[PDB]
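# Fold and geometry: a report
In case you want the letters, here they are:
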Amino acid sequence: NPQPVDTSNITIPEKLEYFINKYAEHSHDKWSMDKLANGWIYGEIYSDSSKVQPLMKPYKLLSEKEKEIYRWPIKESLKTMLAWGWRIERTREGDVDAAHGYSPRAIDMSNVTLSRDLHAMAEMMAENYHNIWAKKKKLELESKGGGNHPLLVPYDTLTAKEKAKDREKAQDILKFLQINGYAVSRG
């Protein structure tokens, strides 16, 4: 029985939407630099044989709904924090050779270390990623009449690596909350 919290009935305030603009830009900087590690170059058609992808374009040329391709798992994840009462408040201020196309230098995320209460928050963000995605997996396979999936088991009976595939996305939020220095606790 996956139990995610309901998210779509929640209003994120507009002061956090300026914080979404920094993290949606960082999601485009991180996604494009991993393509620059293999030499993916800006082009017309997504042909994987020619090492060419057409979305190797700057973040400024994207329109607002093209930014909602990246912002939409960002906006669902902050509503899981506001439904559970997780405080996002200002206390502190916020701080491979380059290939063709847009060439960003993203802020390094995994060298920043969370504390044991904030590892317990990525323990719940990845569990809620294990609860949003598996419930949408079960309602995908019971709407199509398909099978089941080996991640339709409880989150504590998972191994540490099957938690980590949704935790690496959950650690990119709390550490970017730590680099910008927001007081982030369970409340």
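Basis of the calculations
Note on numbering: every chain is counted from 1 along its sequence as written, possibly out of step with the entry's scheme, and residues lacking coordinates are dropped from view. Scope of values: the displayed chains only, which are part of a larger assembly. Note that water and hydrogens are dropped before the side-chain values are worked out from all heavy atoms of the structure. Residues with missing side-chain atoms are left out of burial classes, side-chain pairs and their counts. For helices the rule is a DSSP run of H or I covering at least 4 residues; for strands it is a run of E covering at least 2, with both sets numbered from the N terminus onward. Buried, partly exposed and exposed residues are distinguished by accessible area as a fraction of the type maximum, computed with a 1.4 Å probe on protein chains only: under 20%, between the cut-offs, and over 50%, respectively. As used in this structure description, the phrase polar contact means that two N or O atoms lie within 3.5 Å; if the pair is within protein, one of them must be able to donate a hydrogen and the other to accept it, and residues adjacent in sequence are counted only when both atoms belong to side chains. Contacts were defined at the residue level, with two residues in contact if any of their heavy atoms lie within 4.5 Å. Fitting a line to C-alpha atoms yields each axis, with helices limited to the stretch in contact; the angle taken between N-to-C directions then spans 0 to 180 degrees. Oblique is the label for every angle not falling under 35 degrees (roughly parallel), over 145 degrees (roughly antiparallel), or within 65 to 115 degrees (roughly perpendicular). By convention, the crossing between two helices is left-handed when the near helix turns anticlockwise from the far helix through less than a right angle, and right-handed when the turn is clockwise. Think of it as three bins: nonpolar holds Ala, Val, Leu, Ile, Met, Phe, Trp, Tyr, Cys and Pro, charged holds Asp, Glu, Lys and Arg, and polar takes everything else, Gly as well. By definition here, a salt bridge exists when the distance from a side-chain nitrogen of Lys or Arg to a carboxyl oxygen of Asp or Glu is within 4 Å.

## Side note on the side chain of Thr 80
Looking at where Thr 80 falls in the secondary structure, it is placed in helix α2 (residues 64–83). The class for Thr 80 is buried, based on a relative accessible area of 1%. A polar contact is formed between the side chain of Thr 80 and the backbone oxygen of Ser 77, at a distance of 2.4 Å. Setting aside its immediate chain neighbours within four residues, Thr 80 contacts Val 5, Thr 7, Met 125, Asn 128 and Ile 132.

## Things to note about the packing of helix α1 (residues 14–36) against α2
Contact geometry for α1 and α2: axes closest at 10 Å, N-to-C directions at 135°. Between α1 and α2, the interaxial angle falls into the category oblique. Relative to α2, α1 is oriented so that their crossing is right-handed. Residue-level contacts link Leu 16, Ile 20, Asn 21, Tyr 23, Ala 24, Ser 27, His 28 and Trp 31 of α1 to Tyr 70, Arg 71, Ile 74, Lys 75, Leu 78 and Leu 82 of α2. Residue classes in the contact of α1 with α2 are distributed as nine nonpolar, three polar and two charged.

## Some words on the pattern of salt bridges
Summed over all chains, the structure comprises eight salt bridges. Among the ionic pairs, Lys 163 bridges to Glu 123, the shortest N-O distance being 3.1 Å. Pair noted here: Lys 163 is in helix α4 (residues 160–179) and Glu 123 is in helix α3 (residues 116–141), with a separation of 40 residues, a long-range link. One connected set of salt bridges, linked through shared partners, spans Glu 64, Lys 67, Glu 68, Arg 71 and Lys 75.

## Let's talk about unusual backbone geometry
Phi angles above zero are rare outside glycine, and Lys 51 is one such case at about 55°. Along the chain, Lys 51 falls in the loop between β1 (41–42) and β2 (52–53).

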